[PDB]
Amino acid sequence: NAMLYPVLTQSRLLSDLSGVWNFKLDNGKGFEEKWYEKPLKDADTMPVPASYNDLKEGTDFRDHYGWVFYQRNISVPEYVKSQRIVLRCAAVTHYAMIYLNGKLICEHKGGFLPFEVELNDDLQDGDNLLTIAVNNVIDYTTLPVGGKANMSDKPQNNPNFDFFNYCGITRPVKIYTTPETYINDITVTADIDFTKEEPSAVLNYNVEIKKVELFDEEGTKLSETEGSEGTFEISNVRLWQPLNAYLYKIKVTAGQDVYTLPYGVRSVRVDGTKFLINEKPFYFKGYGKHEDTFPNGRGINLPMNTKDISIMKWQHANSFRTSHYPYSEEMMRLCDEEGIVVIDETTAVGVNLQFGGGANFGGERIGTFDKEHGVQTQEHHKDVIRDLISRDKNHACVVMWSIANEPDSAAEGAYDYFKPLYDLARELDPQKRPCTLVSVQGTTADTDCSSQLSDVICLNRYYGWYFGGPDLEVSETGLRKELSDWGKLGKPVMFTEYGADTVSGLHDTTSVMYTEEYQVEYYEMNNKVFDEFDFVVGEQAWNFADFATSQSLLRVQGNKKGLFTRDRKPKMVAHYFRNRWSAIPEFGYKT
Amino acid sequence: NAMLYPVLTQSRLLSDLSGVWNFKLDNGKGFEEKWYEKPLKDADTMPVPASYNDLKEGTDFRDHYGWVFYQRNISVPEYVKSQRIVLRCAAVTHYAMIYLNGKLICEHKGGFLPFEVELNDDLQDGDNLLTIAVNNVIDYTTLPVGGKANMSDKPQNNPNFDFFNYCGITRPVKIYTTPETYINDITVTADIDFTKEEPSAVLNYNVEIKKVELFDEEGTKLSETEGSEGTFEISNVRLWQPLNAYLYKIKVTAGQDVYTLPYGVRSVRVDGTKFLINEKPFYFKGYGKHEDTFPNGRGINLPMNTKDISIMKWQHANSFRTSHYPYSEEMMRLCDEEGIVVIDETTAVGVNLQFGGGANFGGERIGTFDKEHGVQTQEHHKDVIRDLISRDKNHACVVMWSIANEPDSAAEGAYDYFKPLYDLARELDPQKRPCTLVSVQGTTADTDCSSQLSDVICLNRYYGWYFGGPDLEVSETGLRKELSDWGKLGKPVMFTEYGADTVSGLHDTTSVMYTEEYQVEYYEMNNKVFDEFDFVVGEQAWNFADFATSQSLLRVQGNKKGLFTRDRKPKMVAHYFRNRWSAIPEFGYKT
Amino acid sequence: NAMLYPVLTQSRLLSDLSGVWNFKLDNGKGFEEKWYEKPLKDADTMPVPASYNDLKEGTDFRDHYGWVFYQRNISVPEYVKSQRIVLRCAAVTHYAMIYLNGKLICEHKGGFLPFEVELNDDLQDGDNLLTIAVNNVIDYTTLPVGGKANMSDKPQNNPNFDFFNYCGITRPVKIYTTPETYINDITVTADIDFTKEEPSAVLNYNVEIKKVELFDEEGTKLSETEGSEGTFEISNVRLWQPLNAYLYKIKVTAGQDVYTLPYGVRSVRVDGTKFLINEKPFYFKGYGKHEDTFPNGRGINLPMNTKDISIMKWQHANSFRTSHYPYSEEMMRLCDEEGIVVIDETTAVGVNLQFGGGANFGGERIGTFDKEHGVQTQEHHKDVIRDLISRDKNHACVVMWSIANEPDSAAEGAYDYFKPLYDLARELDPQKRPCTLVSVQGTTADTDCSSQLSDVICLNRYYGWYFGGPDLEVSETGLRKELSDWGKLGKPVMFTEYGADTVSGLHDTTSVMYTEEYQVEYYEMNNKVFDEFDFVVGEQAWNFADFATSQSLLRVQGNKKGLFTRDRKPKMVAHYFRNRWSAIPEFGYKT
Ligand SMILES: O=C(O)[C@H]1O[C@@H](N2CCN(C3=Nc4ccccc4Sc4ccccc43)CC2)[C@H](O)[C@@H](O)[C@@H]1O
Ligand SMILES: O=C(O)[C@H]1O[C@@H](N2CCN(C3=Nc4ccccc4Sc4ccccc43)CC2)[C@H](O)[C@@H](O)[C@@H]1O
Ligand SMILES: O=C(O)[C@H]1O[C@@H](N2CCN(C3=Nc4ccccc4Sc4ccccc43)CC2)[C@H](O)[C@@H](O)[C@@H]1O
């Protein structure tokens, strides 16, 4: 349910278990021989946190099918078993199974959101053998979704999505402590009064448990209130803004336990064809990104996180989307301090069995939401919407939720699949932030169950690449026509993906596809049409940087639609966008 | 003096402070306004650990001169002030100044070796403001050495060495605990009896403090001895080998404190023209490397550390040198588990004022060891040899010490400068491992104070690049002649650097410098001559991968002598070496 | 003396001998064995026209020293010996020696200008063995100048200039015919009357020999005059313009011989700080180029010539300079039709013994114009100014003459060396077009013998590369100061070279030298200062495209200062200039 970001507290420790662990690829005989009971024989080395896929050589290791075993000796002091000892796994991709001294203690499905387990009971005295087994198999029951081919009898994951299936202990595995009665969750909303020309705010609060002090940026304490629930009143409040963050601090002392949380006071609501942040008409400038670096894979990369942010501010972007899964907690906290607008997105990519040849049962092609042969994820999909919104509910950076990336949202079953999730999203988000789903090419205003369920229309369109390339003038005609029609909903339309594979170094004065000149022309065509429609409130390119995918004829050593290379070096287009975004403000570009 | 690697212990905590800290570049008014007393106003963000140089945009930030301020709120629990609270800085580059709540508590010179401070006294109750200031200025008093030009009035570091002056909190800043009477140091040597065809060993031990148990790889406990000093006897001992490591474990319980250490039992001594590991004739296959990745700078990179090791084993290398500074503790422990031969090297690069135009006092060119105007580092140089050997004395991977890289070792003052350091190196190394210094081009057997002080001759030669390029046949003649002469010392000769700048992607059937074909021909010429001399016991290419340097006409976006690119992608030469090293064994290549 | 471009004529044939000839590298015994008498034994193949250097593999072939032998069987019909049979060598680099059936018939020094020989006498009946020997040795007697090192006993050319010493039959070797009394030369000037708002012109003419008809573009015949000398009067004349050429045709029928010549009527004179084409204030937009393509070397490349022109018009350039030698006749005729302003430049590069360490006779460093040990080229230098101006005197494209590229023009002897050449240049150019010399970095207004001899000041400056790089702000200060001072001559100043080596593909958001971002910043800095001075009338970047040079540490597989790669693919800077030159007109940018 509730996962608070572990951070050093007068009440709580925090011991990062990150390092080189023992590691062994599982064969068929891994569990049969209960490798978790005894130290791993003939073991290899593996850093944690990290995707393991690129950290050893050979295709058989990169493309491994199934389980791997991590193992590390753990040891707490007796003088601290007094407090309760929690194990927090920031993320294990995809499915984890945690053993201690040989006994199962936790299982988790879902490889991109945190989970924890309590250790006091089975935590012995001395060096205990911690073993985490990680499974990477994807299918019709996982988010993301594994298919049966590219989007031999040798078992083989086949992603129904266009990124590499990086797995392992993606994010840090820490340990922290907690008074036996402790702060378990905290929720903070903000009603802002833009009536006073010098606006002020009142901050609802509540603390779940099983004394509240407010400070400003510099540590200036300002007010205090007692108890579980209550309120705060701030006048001349410093509003969190895009590219101009301000974080108040919040100290919740309750019993022998105290936790601090940064918070930004910020308004967001949609109003006709206008996305309004602090009651001003916003325009998204940014991109769809990945957690993808070398050689960490999906592994958390704090230096790259900061370098990416620096490149955004250098480029005059203001937002990105957590395509196609929730990002690290550290990244979220970082865009809080840095003032980056996030579109927080779930792991629900590949809910769409039209990709490739799909799957044919009884010779008949199976539809996405066929209830016997199609996707079997809505239960898991709901837990994801639950854990995600619980984890990130307080981040001022989060301005909206993306429930799915390119689902078969114009097919039979789609509305009935997505309605309970949209409902759960608006039910659980204390700030009632707008929800959306990113619509695959092919859908229309009429046919897209997004046209009703979603507060904002988010399109992934590829006119001038997949559709119309290399003829950019013909493709522009296509883009205007489809874009016009979307205006008939009187909702905000924004593009969450559009791009063109571009191999850094390829050029021609008379451009062809894959060259840097073509990439720039492609975006000039699209951006020209975007500017013609005052209900278009955002442009986010795909992708921020080149990233790794499964191999196919259509993937030139990964996805090459980045504006920057995988090591964040600009392509010519990166300087095109920097110059365009320099003349487009965060607020009032449309009005 | 003694720095043991902090790791979770039944007796000791370990709380990694790594994360995004507050950060501010210092102007002239930083200390005058005592920024350490109050939280940093108008502050920026910066991950730790990491070099800060590449993590924000703009030359003024990359090329910053002077101080920067890191700042993080810290907080321990009262239920633990019982134990002593230590702050361990794995490395701060170059000069650190640690404040707590506004009061100085530690200073350190030397940016590549660990130091600690005790916190109990000034560690208050609640959230304490931790501030670390970092200085990057280099000169004639620092190791490495800063010069006065490339190797305006605007203050400017000018490295007297060919890598970029990456600074910041390079390595992790952790906190661990310790019973008020604790294990402060541990030393373990090994006398091995190769008389028994099934060799066995006795392991001297000693514990400095202010119960010893032995286990094997799997945790099998084998023996026990009590007290500070003592011994162990192992028969049919499993010897740590190159590319075939075996680590025993060692559990030292003393009082309420217990620490475990991995140890590999291994022999090393030189014998005429033979470098002998476990009394067998070794041959170094590997490279000189850097701690250099993007965007971490010199910052510790555990995933790359493991990926590098995988590439070595893939390439059939067996060794590298910590050019030109001690590497992270984690890396050292890793080559212990992985069986990689290390040449542990100090920060003593640029002890050589002949680089560039040098410096001219009174119009006369200043010699390196001029006692009034030359280098002023021998005092610091000794502390480095002290801290380094103390830190890494137990690593089986360490096979030798490099006291300096390319000092002016054929100049007046050189012997008198290096003798006390060589002496201190052999005095302090409990295993009496061979010592050397890496000799710059130009020195001869006759003129090099290395010919007497050093157990092994380590050459950085560039015949076919700087010297003779592009004429490889003329250059080969030069290399044979100089290499012949070195054979007259009857000592082991090995090359620690040789290479050719190569821009990945450049090619010609008829090669020119900077192409991949030239790089391969260059190494074919050199390697041919190396094979002609049975006293040559090692080949280590410069460099393992492309890395960043200061800008100059001669540096094509860094140093391009890597066999791999900065993101570890092979150049054609990498496959040349893989194929050559496949047919060269670790032992008996020479005999 | 006079070389008219051979073209099919009712009076004259033209048989192109271009093809695969026999070819043999000369060893020491080539002439001793009179290989020219008998067909080449053990011969190789070689296309003509072409530089031979890159057309076979191996450094010994590329870096060959001395002579090579071309050989082709020739054969004319008897029914045509009636007319006189001429052999025209468009260019042989450097020194040629033409044999026929074994007998010497011609010698030529100078590898970039046409020469001919008459064949009737020694032209037998049947298949005659034509043999051309080509020498590539350069030294203090050749233009360009060969030095004694980079700018073993094994003989070796060492260019005193920064391009590769490509040699062979660079340009076509044709045969044409001629009535025994024939048109040998033609000269046409134009006095233009800009008094009439609808300007008109009178065209002086003269024909040297040993009927004149005028047509317009479409073949419209307009007027006629008889005899050797005479005149033409044209009203409402269509003026040849930059980027808007108009070529009249001219049919000179004299006896049994008739030749046609295209001509553009165009005015050029300098007036204070103004370069005036057709009495309007011109501004050069373009570059310094090379005749350099793969694999032709310096060999003529008509398709690239046209592709280059297309790229100029695409980029909005209007001019280039024939750095550093006269280009092909075909190229000149092409910029006539295309309206490209040419700066016609001689082979006089490397008249400057300060490059490198120079040469030291008697231990004393030899000055450039030292009359016993220095350059010995002024005699040859005059013949070059003679042949060049004779060849290209009628090309409307030629707007100016460059007598030398970067001579030691601020040294003792310089004025006395250049005065007789400047004089000869103005004496021989019927149109009295302005003359200049391109000034190496280091010279000033005061010290440059160009400040007096030259009508226009042409600078090769590298502030922000060689001088000041990577500090572009410091370098800009330097450039303004030197540029200011040049304004004190009240003459037109233009830059004929400025640039920065840039390896296509290298990038950083925070730029370093050799990246594409640095190249663009470099030109932004320079171009900013150029715009501050209304006496600056031209910007020509070095270079149009990457080109081949001798190997050295400072040459990353050739010269990388091109805006385009060697295969004419744009670097990012090419699009920077295209966008800047789009807003700068050909006329009136300054006024
Ligand atoms: O274009 C992109 O790279 C991004 O856009 C979207 N895909 C969704 C699917 N479709 C096409 N893609 C793929 C993807 C993987 C392998 C092969 C293809 S063949 C193809 C052929 C014609 C038209 C379309 C496709 C559109 C692109 C995803 O949301 C995002 O994951 C992906 O990265
Ligand atoms: O060649 C390498 O890249 C490595 O080898 C060694 N240097 C030592 C010095 N010298 C030359 N170098 C440099 C280095 C930096 C800037 C400029 C130069 S100009 C030069 C010109 C002619 C001969 C030699 C040089 C040899 C190389 C160092 O030990 C190691 O730090 C360095 O990385
Ligand atoms: O920069 C360019 O590439 C062009 O500009 C001009 N040279 C003239 C000489 N000098 C430098 N050059 C060279 C050239 C060849 C080899 C090595 C060098 S080291 C150097 C070091 C510091 C300052 C200058 C130089 C200026 C550049 C020529 O006119 C043109 O031939 C050449 O191509």
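Keep in mind that the numbers below use all heavy atoms, side chains included, and drop hydrogens, waters and symmetry copies. Counting convention: from 1, in listed order, for ligands and their atoms alike. Chain A is the first sequence line, chain B the second, and so forth, proteins listed ahead of strands; every chain is numbered from 1.
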- With heavy atoms under 4.0 Å as the rule, classify the contact between C/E497 and ligand 3 as side chain, backbone, both or neither. side chain
- Any idea which part of C/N405 is under 4.0 Å from ligand 3, heavy-atom wise: side chain, backbone, both or neither? side chain
- Query: Got C/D501 and C/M513 here, is their nearest side-chain heavy-atom distance under 4.5 Å?
  - Reply: no
- Task: Check each heavy atom of B/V440 against ligand 2 and say whether those closer than 4.0 Å belong to the side chain, the backbone, both or neither.
- Result: neither
- Note on the structure: Note: C/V349, heavy atoms under 4.0 Å from ligand 3, region reported as neither
- Note on the structure: The answer for which part of B/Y462 has a heavy atom under 4.0 Å from ligand 2 is side chain
- Measure the distance from atom 19 (S) of ligand 3 to every protein heavy atom, then report the residue, atom name and distance (to 0.1 Å) of the closest one. C/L554 CD1, 3.9 Å
- Query: What protein heavy atom is closest to atom 21 (C) of ligand 1, reported as residue, atom name and distance in Å?
  - Reply: A/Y466 CD2, 3.8 Å
- Query: Applying a strict 4.0 Å limit to heavy atoms, is A/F161 in contact with ligand 1?
  - Reply: no
- Side chains of B/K561 and B/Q519: does their closest heavy-atom pair fall under 4.5 Å? no
- Message: What protein heavy atom lies closest to atom 18 (C) of ligand 1? Include the residue and the distance to one decimal.
- Response: A/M151 O, 4.3 Å
- Message: Please classify the C/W542 to ligand 3 contact at 4.0 Å (heavy-atom distances, strictly less than): side chain, backbone, both or neither.
- Response: side chain
- Heavy atoms of other groups near B/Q441 CD, more than 12 under 6.0 Å: yes
- Under 4.0 Å, heavy atoms only, figure out whether ligand 2 is touched by the backbone of B/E406, its side chain, both or neither. side chain
- Output the list of atoms in ligand 2 that are nearer than 4.0 Å to some heavy atom of B/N460, sorted by atom number. 29 (O)
- Query: Which atoms from ligand 2 have a heavy atom of B/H324 less than 4.0 Å away?
  - Reply: 29 (O), 30 (C), 31 (O)
- Taking non-hydrogen atoms only, is B/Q441 closer than 4.0 angstrom to ligand 2 via side chain, backbone, both or neither? neither
- Per atom 14 (C) of ligand 3, closest listed option by heavy atom (C/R461, C/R555, C/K561): C/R555
